[PDB]
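Order of writing sets the chain letters: A, B, C, D, E, F and G. Residues in each chain are counted from 1.
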Amino acid sequence: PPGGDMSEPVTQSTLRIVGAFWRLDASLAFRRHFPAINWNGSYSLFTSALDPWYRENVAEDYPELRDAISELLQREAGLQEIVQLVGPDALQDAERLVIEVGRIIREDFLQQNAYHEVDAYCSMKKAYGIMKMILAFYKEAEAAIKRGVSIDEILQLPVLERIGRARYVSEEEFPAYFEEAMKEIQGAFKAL
Amino acid sequence: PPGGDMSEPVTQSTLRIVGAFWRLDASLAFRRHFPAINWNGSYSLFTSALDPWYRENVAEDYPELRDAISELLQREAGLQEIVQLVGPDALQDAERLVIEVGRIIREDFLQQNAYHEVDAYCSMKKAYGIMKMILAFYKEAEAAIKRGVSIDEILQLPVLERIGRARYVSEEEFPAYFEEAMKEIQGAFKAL
Amino acid sequence: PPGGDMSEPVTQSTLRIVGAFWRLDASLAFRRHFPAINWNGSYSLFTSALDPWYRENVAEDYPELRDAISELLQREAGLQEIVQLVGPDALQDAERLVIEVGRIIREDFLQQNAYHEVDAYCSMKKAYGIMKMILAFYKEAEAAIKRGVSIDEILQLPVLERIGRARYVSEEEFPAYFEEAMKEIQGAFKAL
Amino acid sequence: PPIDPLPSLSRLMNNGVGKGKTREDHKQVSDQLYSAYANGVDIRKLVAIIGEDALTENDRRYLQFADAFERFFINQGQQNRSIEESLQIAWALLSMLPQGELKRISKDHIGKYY
Amino acid sequence: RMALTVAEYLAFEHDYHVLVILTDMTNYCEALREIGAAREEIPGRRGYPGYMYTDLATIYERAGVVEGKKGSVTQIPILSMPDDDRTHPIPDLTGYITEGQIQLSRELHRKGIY
Amino acid sequence: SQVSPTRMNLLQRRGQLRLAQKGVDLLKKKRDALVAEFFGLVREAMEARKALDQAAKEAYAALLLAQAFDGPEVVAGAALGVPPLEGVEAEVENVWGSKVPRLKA
Amino acid sequence: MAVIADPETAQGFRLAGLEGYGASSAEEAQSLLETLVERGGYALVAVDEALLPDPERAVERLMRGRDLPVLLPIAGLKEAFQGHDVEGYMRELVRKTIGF
């Protein structure tokens, strides 16, 4: 629409017929990344009914991942605003840890190209592995602040950089790159 | 109004006539306090047409007592505004005075239970009656708080509950409880 | 406008594409402006062709001062908005500068009456004059603040009142009146 | 002209001319001036509430920048200008901003002219 | 119309200062509307007639002190117009017609000031 | 009673959104500045406080049962009492977050 | 002035150069505190952290605004105390600014 009103025929009629809005926002577009999908302003009513068949055909824990991991971004959206006005420095490690994990999902996982051939065409067996590792890093990071670990240490781990190299490789190298990348995480919070 | 405003032709016509009006609002109605009536939304011209037959049958101090409830809730409109802009806890004592006179004018006097039958009955005796209850409280509290007392302590005092007896007392056993409690208002609050 | 809208075909085609477009508000004119104009929302298309005569006949700074007065009048609008948003909770020297000046300008230069021949009349020199008085008050004010002169005292100079008694002055008397008054500004500013 | 660049935006600026047909620096110097201006039209309504003396160094420069932008860049009346003379204006105005506040151009562009 | 001709007769031709007071010029407008659309003519004043003008002209313009007569027709219209809209037909034309006006509101009718 | 007209009101209510949204935008970063610097003053405050609290008291508490008859002597040689009416130096200062007065002891 | 402190530590603030009218008379020194600030005929009024009023509303409602400060934290005793750094920092974060 040129702007779209919800009291315009076009908008309030369509809205009902389709099951998904895969909304992109302008703020997100200036940042020059595709996918630019603004998750808080997107929805797709399908998901529910697609969980059975997903783990049937695709892989075991694939649905389990997707629904679970979305929360990062959720529990970041309202967090950043004006509460973390200068970053967190007066804040607890509880609240710090969210933006450490926040860093890797939004600078590696959300970003992708479409003018580099190493990551314009992806597939499931690639995306799945990416997504698993970033769960497993929330799972060892939040466990880090109960051990006594600062974010200073987290910000120097080669793991963060390994997440960035798993999309600067393609689907063919993925097996070998998955071996090394995965096991690296487990031995990079058992060092801390 | 089919449309939900009185700007509709069918509702503007019903407001070409005069006499008495009443206004029922969606917002009061939720709280299960029916009848829902607004002092800022109605007028009547049977106030001074009925004043002869008031001070002849009802009582002499009925053309008087009715005015004496109106002033209360006059000031409540004016002050409601101020309340929502900055709490009245920041404001002085005498501001919060009439606010909590006001509480009882809704809690136990805009709730006329259509499921309790001692509120389903009402008549001039139950009228005039509870009008003198309220009267007492007003004139006492205004002097009470000029002796340095705060409306905070008075909410805990038994005097607040006591005026609240209007739906815990009968219609046709009412002249037993009227006079009774009436006295304690001018008695047991200037002792305290 | 028959329906009260200034956005309609017949206003655009030949009532706003002409030499001058003007506007009126309803509480605007009631104070004392008869007739009243909106300072911003009102323009003139022709103004680049009226510059020759005004340069030669009146003065070579009549086109310069008339754009210079209009600037100040429409710049106050900058702050106007914020006043109605949450207000000034900080009064500074650069704040109330534009604001008070502009006040005087709307008070004496746009409050004119058409029922009185002392509040308006066709005369070059009255227009020229008044607009030079205001120029003076303005000029000095900018160099008042720097030195350490509170805007509060700027009000309390009697010379603001001298410019506030130029809109009653007799037409014939105005030349000698003006010359004696230009000196008082510059004396009651540089001294204080 | 009254033209404000903020509501404006061409949908085609890469599908028209390219590098070397409008000088190579034109591209990124366009998204410099966008962000530099825009920042300053919001602290004109904070120029006397809080002031600019209570404001950061960076933001103080971003005021003056806007003012000189209307005077020299937007306005020129009926005077002519070329791609090259307009990019000239730009550089001068941008020298006032440190290299630390130049981040909307390439390293190539900063070392091209200040 | 009818009433005002008995004004003309007694102020002008029998020299007395007659006050005429007209009320319920909203009940007027109800009846005006009827002929508005039930006759051939089409609406043209935002859902009311366009020969409305004449209907509120012929009414108001009769009144006026005539120079050579001692007596006068002083008319006092009392409206009752739907709500507090000012785009409503009634206050529309009436505003323009009369010279000098008086309003009532709800600011001073919540205070008890009659 | 009071209901909004359509034709007259339209133009006001479209510019209402222009006025509001932009105003509030910059209203936002108006206070943000002031709280960032505020952390700086609250922290730095207590620096001198731990140092000098203890070295004041050092002598005080060690001059209580050797005082109560040398109270007289100590108050004599020393410079007489600070004035009870404005012994401190009060400063007035207009700033955002309303006109709040300050002072130095 | 007046410093409002413990009896023994109140003692050392009544000395010349300073003017104190301390001592404990309650657990938040209400007995004294209230009466004293009511006049506001002292250049400064200060309430220590060995008392400190749990209801600050009580004071404000009685003095009825003040252009001079009140309840400045002083430790109120010596025992090597310096917990008044981190304590005051959190005192700030709980009622205003960001949370935790």
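Following the convention adopted for this analysis, a residue touches a chain if its C-beta (ideal position, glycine included) is under 8 Å from a C-beta of that chain, and two chains touch if they have at least 3 such contacts.
Chemist: Counting hops between chains that touch, how far apart are chain B and chain E?
Modeler: Shortest path length, in steps: 1.
Chemist: Can you tell me which chain is nearest the middle of the complex, judged by mean CA position?
Modeler: Centre-most chain by C-alpha means: F.
Chemist: Applying the document's contact definition, name the chain pair with more C-beta pairs in contact, A-F or D-F.
Modeler: Pair with more contacting C-beta pairs, A-F versus D-F: D-F.
Chemist: Which whole number of Å gives the spacing of the CA centres of chain F and chain G?
Modeler: The separation of the two C-alpha centroids amounts to 16 Å.
Chemist: Which integer distance in Å separates the CA centroid of chain A from that of chain E?
Modeler: Spacing between the chain centres: roughly 71 Å.
Chemist: Using the average of all C-alpha atoms in each chain as its centre, how far is it in Å between chain D and chain E?
Modeler: Their C-alpha centroids are separated by 62 Å.
Chemist: Please work out the Cα centroid separation of chain B and chain D, and write it as a whole number of Å.
Modeler: The answer is 65 Å.
Chemist: Show the residues in chain B shared as contacts by 2 or more other chains, in ascending order.
Modeler: If we look for residues of chain B contacting two or more partner chains, we find 6-7.
Chemist: What are the residues of chain F that contact at least two other chains?
Modeler: Chain F, residues with two or more chain partners: 1, 3, 5, 7-8, 23, 35, 39, 96.
Chemist: For chain G, jot down the residues that touch at least 2 other chains.
Modeler: As it turns out, chain G has residues touching two or more other chains at 97.
Chemist: If you look only at chain F, which of its residues touch chain G in the complex?
Modeler: It comes out as residues 35, 38-39, 42-43, 45-46, 49-50, 53-54, 57-58, 60-61, 63-64, 67, 71, 74-76, 78-88, 90, 101, 103, 105.
Chemist: Given the complex with chain F, which residues does chain E contribute to the contact?
Modeler: 46, 83-88, 106
Chemist: Using the touch definition from the top, list the residues of chain B that touch chain F in their complex.
Modeler: 5-7, 41
Chemist: Across the complex, what residues on chain F touch chain E?
Modeler: Going by the criterion above, the answer is residues 1-8.
Chemist: Under the touch definition given earlier, write down the residues of chain A that touch chain F in their complex.
Modeler: Contacts found on chain A: 82, 85-86, 90.
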